[PDB]
Each structure stands twice: as structure tokens, then as C-alpha cells.
Student: 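Encoded as C-alpha cells, here's the structure I'll be asking about.
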Amino acid sequence: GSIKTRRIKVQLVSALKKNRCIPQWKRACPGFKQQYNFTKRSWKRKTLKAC
Amino acid sequence: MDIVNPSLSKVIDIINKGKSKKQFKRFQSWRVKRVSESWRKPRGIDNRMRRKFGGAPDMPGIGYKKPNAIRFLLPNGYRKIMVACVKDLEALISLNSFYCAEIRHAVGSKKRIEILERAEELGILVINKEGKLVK
Amino acid sequence: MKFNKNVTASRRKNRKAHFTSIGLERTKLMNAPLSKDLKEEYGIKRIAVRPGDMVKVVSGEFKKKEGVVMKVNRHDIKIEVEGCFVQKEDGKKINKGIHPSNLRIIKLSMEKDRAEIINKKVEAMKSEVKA
Amino acid sequence: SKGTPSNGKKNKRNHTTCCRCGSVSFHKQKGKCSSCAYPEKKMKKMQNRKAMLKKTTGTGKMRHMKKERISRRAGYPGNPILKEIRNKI
Amino acid sequence: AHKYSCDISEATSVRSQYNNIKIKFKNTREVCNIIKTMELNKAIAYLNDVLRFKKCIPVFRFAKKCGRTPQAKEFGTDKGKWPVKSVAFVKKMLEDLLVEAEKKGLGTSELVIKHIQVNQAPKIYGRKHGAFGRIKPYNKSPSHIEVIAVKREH
RNA sequence: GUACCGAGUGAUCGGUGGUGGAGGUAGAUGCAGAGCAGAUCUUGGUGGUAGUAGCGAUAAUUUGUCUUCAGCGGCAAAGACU
RNA sequence: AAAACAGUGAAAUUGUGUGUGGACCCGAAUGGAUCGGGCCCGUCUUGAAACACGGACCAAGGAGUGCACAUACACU
RNA sequence: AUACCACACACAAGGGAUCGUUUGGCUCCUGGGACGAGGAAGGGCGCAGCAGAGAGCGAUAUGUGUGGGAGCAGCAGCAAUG
Ligand SMILES: [K+]
Ligand SMILES: [K+]
Ligand SMILES: [K+]
Ligand SMILES: [K+]
Ligand SMILES: [K+]
Ligand SMILES: [K+]
Ligand SMILES: [K+]
Ligand SMILES: [K+]
Ligand SMILES: [K+]
Ligand SMILES: [K+]
Ligand SMILES: [K+]
Ligand SMILES: [K+]
Ligand SMILES: [K+]
Ligand SMILES: [K+]
Ligand SMILES: [K+]
Ligand SMILES: [Mg+2]
Ligand SMILES: [Mg+2]
Ligand SMILES: [Mg+2]
Ligand SMILES: [Mg+2]
Ligand SMILES: [Mg+2]
Ligand SMILES: [Mg+2]
Ligand SMILES: [Mg+2]
Ligand SMILES: [Mg+2]
Ligand SMILES: [Mg+2]
Ligand SMILES: [Mg+2]
Ligand SMILES: [Mg+2]
Ligand SMILES: [Mg+2]
Ligand SMILES: [Zn+2]
């Protein structure tokens, strides 16, 4: 909800910046072997436990 | 190839027509695909084949073994020996009356030519003569 | 035979040491032999190949060819030589890389620090040769 | 009833993020953390060997301890501007 | 490249194939079965009648509990069906071969459907929720398709 | 690895033709984590049942018109409902 | 928890083509109708085809071992 | 049995066994046995030209000195004034 503590807000801000795919240029690099970022999440499928 | 051992030439056909074509398939290998055809003796308490009821198949045993003279003889009337070198044929020089040579599968073309040339001059029968070297 | 027990003879250890090399140890991998004449012009028997030097290819598809070194790939250990290439379905041409040890040096590129590099190695020999 | 309909009432939250260990296990009413016993001075007894090795020295970064080993190897040389103080001492 | 499932000459034949199509396997092979050995213009005419409910596809292998119908009498059976989604796809596929025939320099007539086959493609997974807290499968079954038509010697 | 053909009472062994693209045996001895149909066996993959059972408690929907390229999607006009 | 090579690519299972049969095995044959014999395996049990239990199908894994102490045999 | 069901063989599907390979594991031996009020071990948050995770590093987030010496893996730019 609208009321939040400072500690809860920083957890949300960090959880929101980490939630991104692999940038499209990295895929062209000779040494790079990842397909998809397995740390990506959806609000419909997991809980953060920020509480 | 149509060749015969000269000592048995007038007898070889009687011998060949006399060989059994019986097979000893494993019990119920016809019923489930997980059981292979290879013989194993049945050991069940109730089993109809072990107990030898009429109508069940026959089991292997010593009675079916061939006479000692006929045994191991190829249909051309010779016994076989495996070879892989020129220096192997040298062993057969005393035995060529009854034995013939079969070159091992892994020996390649360039080497096979050298084996066959030696076989011709020593007078030894090679049964894989055509082999891969037909081309 | 090896009598020093601090040096390893394990296949697993020797292989890891090769592929995970860095720095100066990586440079040692790019060495090639000099031709008979250059081994009189200079003391050295072998040097690390650099752009602009002139090389004869002594093994492979491009055997007998001569040309100038265009590029040095350190990560995938290969050298690109002018005029050694393959053509795609498109007609476009791609330089094919050759492993250092299949080359031989015919003329040295003497740009930059090369003359000092050579001097440093010649002195290191004599220091112990004359003793 | 004790199954599905009772699940609807479960909207309160007894644990929050602990400031000593990070583990979302500080019980607000009890005033105690269930992972690390904060605010007690010592850390909690861990239940078994498997679980405690997950939080030992060397599971994180070891920043200070690594530098100390390198300095000991070098003979504790110190800042080169101040060699005279070192040598006197 | 693609290895077609039988050997017919490149001259005097026309071909097409597709992979992982999203028409339903069992419906598609009942369609293909009935138009085998038929002349191409006849095939296209027949499939137009199926879309209008004027004629039907008869069923023989994937046919349990199916409805009976007076249109099935044309093929000596009682059981038939109208699988619109598969028919629209096959019709498009056949029409394109007449373009290829014309452009290649054969006639638009005397072409006969000599070979046609359907294969199963890998499943696409799905789920439905059941009672007592269970989850059950709800998958999709796509297909692969080949056709070859040849000119009659006559 | 796959078709054929030969040898052995049998456990098994040998050859020939396609596929494959870098390693492999014969004799005598040594050490064993050394042979499967079953255990409501363990893990992974696939059938028959079957184009079948079902997918539709609640207020309700029709016509034109544009997109969509084939969404009862959007907009107008009616008919209903909380 | 799973997940090695962008190699090789078995079996279960599916489609198309060509042949042979109506569950299948053993013995003996025809140009051709077939003749004779056979109940479902494993397991406890006096006694199993059982209206006793386990088994839908295929691959891979899967159960008398190591040490100490006396012992009888064979070998040095 | 025109079309169903079964089996055999050839071709196409479906799955990942087998054989070939291994910058990993395990066991024995030898060395080592070096933390913190000068703020440790462990947690969080920031820092890249395009940068999510991981690695490295602290608002000095690639600074200084010594010994060397050729490129920085993609794209744009840098480099014997390193
Ligand atoms: K809140
Ligand atoms: K949520
Ligand atoms: K036989
Ligand atoms: K019994
Ligand atoms: K006998
Ligand atoms: K927890
Ligand atoms: K403690
Ligand atoms: K079927
Ligand atoms: K098994
Ligand atoms: K058994
Ligand atoms: K593979
Ligand atoms: K493959
Ligand atoms: K029992
Ligand atoms: K009974
Ligand atoms: K029981
Ligand atoms: Mg309450
Ligand atoms: Mg409370
Ligand atoms: Mg019906
Ligand atoms: Mg339901
Ligand atoms: Mg529920
Ligand atoms: Mg090779
Ligand atoms: Mg075992
Ligand atoms: Mg119904
Ligand atoms: Mg009302
Ligand atoms: Mg009883
Ligand atoms: Mg059961
Ligand atoms: Mg096994
Ligand atoms: Zn805590």
C-alpha cells in the first residue's frame, strides 16, 4: 500500500532494477554462452518477501 | 565361391544335408519384448517347460552334440584359422590339407593385397578373398 | 627422465596450465622459428610473431605461400596472413587463421620496441655463455 | 472450516528483515531473530553441521583476511614514505 | 534440404512440405487419406463442397463414436465429419501447387496426387486445474505435411 | 549401430554390404563396484483408452459500420440488468 | 534440483509403401482349403490356469562385501 | 476385410541408450596452520560508453612506484606521451 517504511522502499527499488533480460549486444560476443537470464521474475508467479 | 576340400568331395553333400537347423529360443521371448532370444534355463516352481509336459518346447543338452569328426567343419569341408599378418600364414604351411584362413575384419586394403599375394604362392585357401577389395 | 619432483607430469595439470595462461606466458605461445640467414643476422633462434613481419607457411592448405602478418588473435591462438582466405556462397572472403608453429619468419618488422627486445635477449645469453 | 476458508484470514506478518543477518526472520513481538539470536551478543547455535557450513568464513568475501596474508608474505613492509619510523622501531 | 519419403523424378513432378503447423494430427490424416490418387482439380472442387456442408470427409481409423450421415454413402460407409480448420489449410496448400505447375511449364490439367503423408510433431505442453487440489495435462498435438503431384502418362 | 549369411548342445563367436569418422584386439596371468523380467523397485521417455469424457450456476442479446486480417476488438443505434 | 560435445543416434511408440495373417508357440506339409499337441508367468504352499497376491510398455541403474579372531582342507 | 487389428522389411517421424572424449570429483602423502576496538567474520547498497546475473572494486569505485612490453574478444573509440 501507500504507507511504506524506508527499509521496505529500498528493497522494492533494488528488486525492480535487477529484473531485466540480457542486453542484445552481449549475444554477439565471442566468449559468451548464456541463453536467457534465469534470475528474471514475474509478480504473478513469485513473492519478494519484502512484507 | 564353389570350392571343396578334395578329401571329402564325394561326401560333403551328405554331411551338409545332415546338419540340424533347430533353434533353442528362451521361453516366452515371443510374449514380451524385454526378454531376448538367448537361452536361459527355466527355474520356476510351476514352469511347464522345466517339468517337460508334452506340447512345451525342447531344452538343450548333451544328446544333441555332433560327432567329433564332423564338428567345426565349414560347408566347404575345411576348418578355419584367423590371420592378420603375412607372418601368420607361415603357420599353416603344414596344415593346408584341412585348414583354411580368414583375414580379420580390421585389416585394411593396402595390407590385404600383401596377404593375398603370399597366399597364392604358398597354396593356402582364403575364404574372404573378395572382401572389401572388389572395387 | 625427470628427477625434479616439484614439476608435474599429469596430463590434466599440463593441459590446464596451457589454456589458462596469461601475461608473458601467453606471449610464449606465439613463437616461431627464424630462417637460416636471419639466425646469422641476429643471435636469436625464435621470436614472437607481430603484425607487419613476413612469413612462409610450411604446413597445411596454404603451404608454400608467403605474406605479411595482418593480425594476432591471442584468445584463440591464431595468426592471419595476407592472401590466405576462403570464399563464402556470397562471394565474400574470410581470412583463415594459422597456428604460430606452422610459420617461419623471412623478414622482421622493426617498428617500435623490437630492436630493444632483441638486444635484451642477446645479452641474457652471453651473460651465462661466457662464464 | 479448517481448510480453504480459514486461509482467507491470513493477512498479518510476524517476521521482518533482521539488521544483523538479512534473513527475514526477526519476530517483532518477541524482539528476537530466529536465525541469529539478535540482540544477544553471540550468534545462535546452529542445528547441524550441514546447516552451519553454509555460513562459515570463506562463504563470503574475506576482504581483510586476504590482504593480511599478502602483507605477511611480503614481510609487513608498510608505506615507503615512512621507512625511517619502521626501521627505528 | 528435406528427404521426401519416396523417390519420384524432379521433371514431371511438383512438391511442397511444411513443419510444425498447428492443425490437429488425427483430423489431418483422415483428410489426406481420401484425396490420395485423385486429380488435382477434382480435389480442389471436393474440398470447396466440404467447407459449405454440401459433402463430407469419411472416417475409418480415427472414428470411434462418430456420427452417421447420408453424405457418407458416396464412399460406402455411414460415418462422416466436417473438419473445417484442416480443410482450409490443405486447400491453400494444393492451390499453390497449381501456381508452381503453371510456372514450371507443365499443364494445369492431367496432374494427379501421387503421394501425401502426415507425421506427428512434438507436443506443446499445457495444464488444467482439477478437484481435490490436483493438476492435469492439457497439451496440443501439431503436425508435419508432404505432397507430390505428377503428370499422367495417358 | 543396422540388415543378411556361416560356426557351437549352449552361454556366445566370426564374416559380408550400407551408416559412422578416430581408435582397437588375440594368448598367458593379476585385481574386482563383474552378467536381470519381476522387488505396489529408482530415474527418464512413450502407449491403449480417445478426437472420447468434458469445456455452458449468475443479467441476454440483435443490427449496421470500420479496422483486424479476420478479435461478439472499436464506434453508432436498439433491447436488458445490478 | 536439472542441464557436457551445435559427434554417433538403439528400443518403446507413429505415418507411408510393399508383402503375410486373424492372439500366439512347438512338430509336419500343400498350387490350395490346414492337421496333431499346448490354459499365464514369477511366488509362498500338502496342493495354482485359478473367483490367491505382484506385473500397461521400452532403456539405463539395481542385492553374500571388507576387517579381526580361532578352524578343516588344497598348494609352497 | 477395399479401408479395421496384428506381424515382417525399406523410407520418413519420436526419443536420447551405446561407443569414442573430459580445464571436474575422490583417496593417500608432504607443507601450512597466517582474524578482530588500527572495527573482524557475515549481511546490504553503489561503481562500466553501450551492462541483467556472476567476477572485480569502494564516491581516489583501473590512483602511485618498481620489473617487464603489444595490443584492448562484439560495435564504436583508445594505445611506445605505454
Ligand atoms: K504495507
Ligand atoms: K504476488
Ligand atoms: K543353427
Ligand atoms: K507347485
Ligand atoms: K548324439
Ligand atoms: K528462513
Ligand atoms: K560463537
Ligand atoms: K493406431
Ligand atoms: K528392466
Ligand atoms: K527371477
Ligand atoms: K549430443
Ligand atoms: K544428431
Ligand atoms: K508369494
Ligand atoms: K475357483
Ligand atoms: K500376501
Ligand atoms: Mg486474525
Ligand atoms: Mg502475536
Ligand atoms: Mg457420437
Ligand atoms: Mg473441473
Ligand atoms: Mg485448493
Ligand atoms: Mg580425425
Ligand atoms: Mg553390483
Ligand atoms: Mg457426449
Ligand atoms: Mg431481478
Ligand atoms: Mg492353504
Ligand atoms: Mg496390479
Ligand atoms: Mg543393466
Ligand atoms: Zn538475524
Side-chain angles (χ1 to χ4, degrees), chain A residues 10 14 17-23 25-32 34 37-40, chain B residues 24-25 28 30-35 38-40 44-48 53-58 60-66 71-75 80 82 84 102 104-106 127-128 130-132, chain C residues 12 15-20 24 27 50-51 72-76 112-113 116-117, chain D residues 18-23 43 55-57 59-62 64-65 68-69 72-73 80, chain E residues 3-7 24 26-27 29 33 60-66 76-77 115-122 128 144 146:
Chain A
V10 298
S14 47
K17 290 196 275 189
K18 289 178 186 176
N19 205 36
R20 189 192 170 204
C21 66
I22 302 171
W25 60 267
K26 291 205 78 176
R27 271 161 181 148
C29 296
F32 183 85
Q34 303 183 19
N37 175 12
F38 58 60
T39 72
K40 199 166 175 69
Chain B
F24 292 99
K25 301 185 205 162
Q28 280 184 344
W30 53 83
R31 192 185 189 203
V32 286
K33 273 195 263 197
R34 70 182 173 253
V35 172
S38 183
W39 176 254
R40 294 295 180 276
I45 65 171
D46 290 341
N47 176 286
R48 68 169 76 257
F53 284 96
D58 310 300
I62 206 67
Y64 289 103
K65 181 170 175 171
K66 293 171 159 64
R71 207 165 173 233
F72 294 102
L73 201 68
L74 291 184
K80 94 174 184 176
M82 303 306 300
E102 203 203 76
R104 291 198 181 275
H105 161 85
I127 63 177
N128 284 356
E130 292 67 30
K132 51 174 65 189
Chain C
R12 183 175 165 181
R15 277 172 50 87
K16 189 175 161 169
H18 184 90
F19 295 116
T20 67
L24 298 168
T27 299
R50 275 190 175 173
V72 169
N73 189 337
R74 287 180 113 231
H75 290 106
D76 296 329
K112 309 305 186 174
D113 65 344
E116 292 174 317
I117 291 177
Chain D
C18 181
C19 66
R20 190 204 267 171
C21 73
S23 72
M43 312 270 297
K55 208 72 164 164
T56 46
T57 304
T59 314
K61 293 301 166 186
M62 287 187 76
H64 175 84
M65 280 181 74
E68 201 281 313
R69 288 168 171 168
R72 187 172 174 256
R73 190 209 295 152
Chain E
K3 181 89 179 289
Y4 286 76
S5 181
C6 66
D7 183 11
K24 268 171 146 180
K26 282 183 177 184
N27 289 43
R29 90 63 70 178
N33 174 53
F60 295 93
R61 200 189 281 167
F62 301 128
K64 266 296 293 171
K65 302 176 181 184
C66 186
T77 52
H115 167 96
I116 184 166
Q117 82 154 8
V118 194
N119 262 148
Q120 299 189 36
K128 193 170 195 172
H144 302 308
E146 293 165 53

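Chain naming here is simple, since letters A, B, ... match the order of the sequence lines and numbering starts at 1 in each. Computation of the quantities below employed the complete heavy-atom set of this structure, encompassing side-chain atoms and omitting hydrogens, waters and symmetry-equivalent molecules.
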Student: Identify which nucleotide among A34(H), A70(H), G15(G) has an atom closest to any side-chain atom of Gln117(E), counting heavy atoms from C-beta outward.
Tutor: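 The answer is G15(G), which lies nearest to the side chain.
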Student: Is there a side-chain polar atom (N or O) of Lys112(C) under 4.0 Å from OP1 or OP2 of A70(H)?
Tutor: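 No, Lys112(C) has no side-chain N/O under 4.0 Å of OP1/OP2 on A70(H).
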Student: Just checking: do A7(F) and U12(F) form a pair, Watson-Crick or wobble, with both of the defining distances under 3.5 Å?
Tutor: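 Yes; the pair between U12(F) and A7(F) satisfies the definition, which requires both distances under 3.5 Å.
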Student: Taking the nucleotide of RNA chain F with the nearest heavy atom to each, does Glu130(B) or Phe62(E) sit closer to the 5' end?
Tutor: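 With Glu130(B) and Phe62(E) compared, the 5'-side residue is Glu130(B).
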Student: Does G38(H) sit syn or anti, given that only angles within 90° of 0 count as syn?
Tutor: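 Base orientation relative to the sugar is anti.
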Student: Quick check on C39(G): is either OP1 or OP2 less than 4.0 Å from any side-chain nitrogen or oxygen of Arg48(B)?
Tutor: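 True: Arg48(B) side-chain N/O within range (under 4.0 Å) of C39(G) OP1/OP2.
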Student: Is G21(F) syn or anti, taking syn as a glycosidic angle within 90° of 0?
Tutor: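 In terms of base orientation relative to the sugar, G21(F) is anti.
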Student: Assign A74(G) to syn or anti; the rule is syn for a glycosidic angle within 90° of 0 and anti otherwise.
Tutor: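 Anti, since the glycosidic angle lies more than 90° from 0.
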Student: If only side-chain N and O atoms of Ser38(B) are considered, is one of them under 4.0 Å from the OP1 or OP2 phosphate oxygen of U12(F)?
Tutor: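 Yes.
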Student: Measuring to OP1 and OP2 of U23(H), would you say a side-chain N or O of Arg12(C) lies under 4.0 angstrom away?
Tutor: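 No, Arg12(C) has no side-chain N/O under 4.0 Å of OP1/OP2 on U23(H).
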Student: Considering every strand and a 4.0 Å limit on heavy-atom distances, what is the contact class for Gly55(B): base, sugar-phosphate, or nothing?
Tutor: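 Touches a base.
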Student: Name the pairing partner of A17(H), where a pair is Watson-Crick or G-U wobble with both distances under 3.5 Å, or state none.
Tutor: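 Per the H-bond distance test, none.
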Student: Contact class for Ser23(D) (heavy atom, under 4.0 Å): base, sugar-phosphate, or nothing?
Tutor: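 Contact class for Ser23(D): none.
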Student: Do the bases of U67(F) and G32(H) pair up, Watson-Crick or G-U wobble style, with both gaps under 3.5 Å?
Tutor: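 As far as the geometry goes, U67(F) and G32(H) are not base-paired to each other.
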Student: Identify, via the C1'-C2'-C3'-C4' dihedral, which side the sugar of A26(F) sits on: north or south.
Tutor: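 A north sugar, the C1'-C2'-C3'-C4' torsion of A26(F) being greater than zero.
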Student: With both distances under 3.5 Å as the test, what is the Watson-Crick or G-U wobble partner of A59(G)?
Tutor: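 Across any shown strand, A59(G) pairs with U43(F).
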Student: Establish whether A60(F) and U49(F) are paired, applying the Watson-Crick or G-U wobble definition with both distances under 3.5 Å.
Tutor: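 Under the 3.5 Å cut-off on both distances, the two nucleotides are not paired.
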Student: Answer with base, sugar-phosphate or nothing: what part of the nucleic acid does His18(C) contact at a heavy-atom distance below 4.0 Å?
Tutor: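 The residue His18(C) makes no contact with any strand.
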Student: Give a yes or no on whether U63(F) and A37(F) are a Watson-Crick or wobble pair, applying the 3.5 Å threshold to both distances.
Tutor: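 Between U63(F) and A37(F), no qualifying pair exists.
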Student: Work out how far the P atom of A68(G) is from that of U29(F), and round it to whole angstrom.
Tutor: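 Their P atoms lie roughly 29 Å apart.
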Student: Check whether any side-chain heavy atom of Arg61(E) lies under 4.5 Å from a side-chain heavy atom of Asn33(E), and answer yes or no.
Tutor: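 When only atoms from C-beta onward are counted, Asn33(E) and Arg61(E) do not touch, as no gap falls below 4.5 Å.
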Student: What is the distance, to the nearest angstrom, from the CD1 atom on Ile22(A) to the P atom on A53(H)?
Tutor: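 After rounding, the reported distance stands at 11 Å.
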Student: Which listed nucleotide (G8(F), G36(H), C72(H)) is nearest to the side chain of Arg71(B)?
Tutor: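 Looking only at heavy atoms from C-beta outward on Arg71(B), the closest nucleotide is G8(F).
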Student: Can you tell me if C36(F) puckers north or south, using the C1'-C2'-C3'-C4' torsion sign?
Tutor: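 South, since the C1'-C2'-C3'-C4' torsion of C36(F) has a negative sign.
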Student: Round to the nearest Å and state the distance from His64(D) atom NE2 to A34(H) atom P.
Tutor: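 It is 14 Å, rounded to the nearest whole Å.
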Student: Test if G22(G) is paired with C4(H), treating Watson-Crick and G-U wobble as valid and requiring both distances under 3.5 Å.
Tutor: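 Verdict: paired bases.
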Student: For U25(F), does the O4'-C1'-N9-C4 (purine) or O4'-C1'-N1-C2 (pyrimidine) torsion place it in syn, i.e. within 90° of 0, or in anti?
Tutor: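 Anti.
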Student: Using a heavy-atom cut-off of under 4.0 Å over every strand shown, decide if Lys66(B) touches base, sugar-phosphate, or nothing.
Tutor: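 It contacts sugar-phosphate atoms only.
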Student: Within the structure provided, determine whether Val118(E) and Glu146(E) are in side-chain contact (heavy-atom separation under 4.5 Å).
Tutor: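 Heavy-atom side-chain distance check fails, nothing below 4.5 Å.
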Student: Taking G65(H) first: does it form a Watson-Crick or wobble pair with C26(H), both atom distances below 3.5 Å?
Tutor: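 Donor-acceptor distances not both below 3.5 Å, so no.
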Student: Just to be sure I understand the rule, does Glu102(B) reach a base, reach only the sugar-phosphate, or reach nothing, if contact means heavy atoms closer than 4.0 Å?
Tutor: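 Touches sugar-phosphate only.
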Student: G51(F) P sits how many Å from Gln120(E) CD, rounded?
Tutor: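 One finds 12 Å between P of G51(F) and CD of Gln120(E), rounded.
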Student: Measure from the side chain of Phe24(B), starting at C-beta and using heavy atoms only, and say which of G51(F), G42(H), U9(F) lies closest.
Tutor: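 When the side chain of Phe24(B) is considered, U9(F) is the closest of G51(F), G42(H), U9(F).
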Student: Under a 3.5 Å cut-off for both contacts, is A11(G) paired Watson-Crick or G-U wobble with anything, and if yes, with which nucleotide?
Tutor: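 Paired with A11(G), as far as the under-3.5 Å criterion goes, is no nucleotide at all.
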Student: Does some side-chain heavy atom of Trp30(B) sit less than 4.5 Å from a side-chain heavy atom of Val35(B)?
Tutor: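 SC-SC contact between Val35(B) and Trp30(B) ruled out.
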Student: Whom does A10(H) pair with, Watson-Crick or G-U wobble, provided both distances fall under 3.5 Å?
Tutor: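 Pair assignment: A10(H) / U16(G).
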Student: Would you say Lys65(B) and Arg71(B) make side-chain contact, with heavy atoms under 4.5 Å?
Tutor: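 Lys65(B) reaches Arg71(B) side chain to side chain.
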Student: Side-chain N or O of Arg72(D) less than 4.0 angstrom from OP1 or OP2 on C35(H)?
Tutor: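 No, outside the criterion.
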Student: So what does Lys26(E) hit on the nucleic acid, given a heavy-atom distance under 4.0 Å: a base, only sugar-phosphate, or nothing?
Tutor: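 Base contact.
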Student: Measure from CD1 on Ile117(C) to P on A80(H) and round the result to the nearest Å.
Tutor: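 Distance check: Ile117(C) CD1 to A80(H) P gives 16 Å.
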Student: Tell me the interatomic distance from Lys132(B), atom NZ, to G17(F), atom P, rounded to whole angstroms.
Tutor: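 It is 8 Å, rounded to the nearest whole Å.
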Student: If only side-chain N and O atoms of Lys25(B) are considered, is one of them under 4.0 Å from the OP1 or OP2 phosphate oxygen of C25(G)?
Tutor: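 No.
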Student: Taking syn as a glycosidic torsion within 90° of 0 and anything else as anti, which one is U62(H)?
Tutor: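 Nucleotide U62(H) adopts syn.
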Student: In the structure I gave you, are the side-chain heavy atoms of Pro30(A) and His75(C) within less than 4.5 Å of one another anywhere?
Tutor: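 Counting from C-beta outward, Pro30(A) and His75(C) never come under 4.5 Å.
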Student: Among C35(H), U23(H), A51(H), which nucleotide sits nearest the side chain of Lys16(C)?
Tutor: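 Of the candidates, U23(H) comes closest.
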Student: For the nucleotides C41(G) and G54(G), report whether a Watson-Crick or G-U wobble pair is present, with both relevant distances below 3.5 Å.
Tutor: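 Pair flag for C41(G) and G54(G) is true.
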Student: Please name the nucleotide paired to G21(F) by Watson-Crick or G-U wobble geometry with both distances under 3.5 Å, or report none.
Tutor: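 Looking at the geometry, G21(F) pairs with no nucleotide.
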Student: Watson-Crick or G-U wobble partner for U23(H), using a 3.5 Å limit on both distances?
Tutor: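 Its partner: none found.
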Student: Under 4.0 angstrom, heavy atoms only, what part of the nucleic acid is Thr20(C) near: base, sugar-phosphate, or nothing?
Tutor: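 Since a base atom lies under 4.0 Å of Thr20(C), the category is base.
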Student: Under a 3.5 Å cut-off for both contacts, is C51(G) paired Watson-Crick or G-U wobble with anything, and if yes, with which nucleotide?
Tutor: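 Base-paired to nothing in any strand shown.
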Student: Would you say a side-chain N or O of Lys61(D) is under 4.0 Å from OP1 or OP2 of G56(H)?
Tutor: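 The answer is yes; a side-chain N or O of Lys61(D) sits under 4.0 Å from OP1 or OP2.
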Student: Examine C5(G) and say whether its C1'-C2'-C3'-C4' torsion places the sugar north (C3'-endo side) or south (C2'-endo side).
Tutor: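 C5(G) falls in the south pucker range.
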Student: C50(H) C1' sits how many Å from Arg27(A) CZ, rounded?
Tutor: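 Computing the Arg27(A):CZ to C50(H):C1' distance gives 16 Å.
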Student: Are OP1 or OP2 of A51(H) and a side-chain N or O of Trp25(A) less than 4.0 angstrom apart?
Tutor: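 For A51(H), OP1 or OP2 has a side-chain N or O of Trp25(A) closer than 4.0 Å.
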Student: Is any side-chain nitrogen or oxygen of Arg61(E) closer than 4.0 Å to OP1 or OP2 of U16(G)?
Tutor: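 Affirmative; the distance criterion is met.
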Student: Whole angstrom is fine here: how far is it from NZ in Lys24(E) over to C1' in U52(F)?
Tutor: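 After rounding, the gap between these two atoms is 11 Å.
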Student: Would you kindly give the CZ-to-P distance between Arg34(B) and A59(G), to the nearest whole Å?
Tutor: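 It is 9 Å, rounded to the nearest whole Å.
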Student: Determine if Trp30(B) stacks with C25(G); use a centre-to-centre distance below 5.5 Å and an interplanar angle below 30° as the criteria.
Tutor: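 Stacking between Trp30(B) and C25(G): absent.
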Student: Need one value for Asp113(C): base, sugar-phosphate or nothing, where a base atom within 4.0 Å counts as base even if backbone is also close, heavy atoms only.
Tutor: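 Base: the residue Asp113(C), judged by heavy atoms under 4.0 Å, touches a nucleobase.
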Student: Is it true that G74(F) and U65(F) form a pair, Watson-Crick or G-U wobble, with both distances below 3.5 Å?
Tutor: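 Both donor-acceptor distances below 3.5 Å, so yes.
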Student: So what does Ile127(B) touch, heavy atoms closer than 4.0 Å: a base, only the sugar-phosphate, or nothing?
Tutor: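 Answer is nothing: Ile127(B) stays at 4.0 Å or more from every strand.
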Student: Got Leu74(B) and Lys80(B) here, is their nearest side-chain heavy-atom distance under 4.5 Å?
Tutor: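 A side-chain contact under 4.5 Å exists here.
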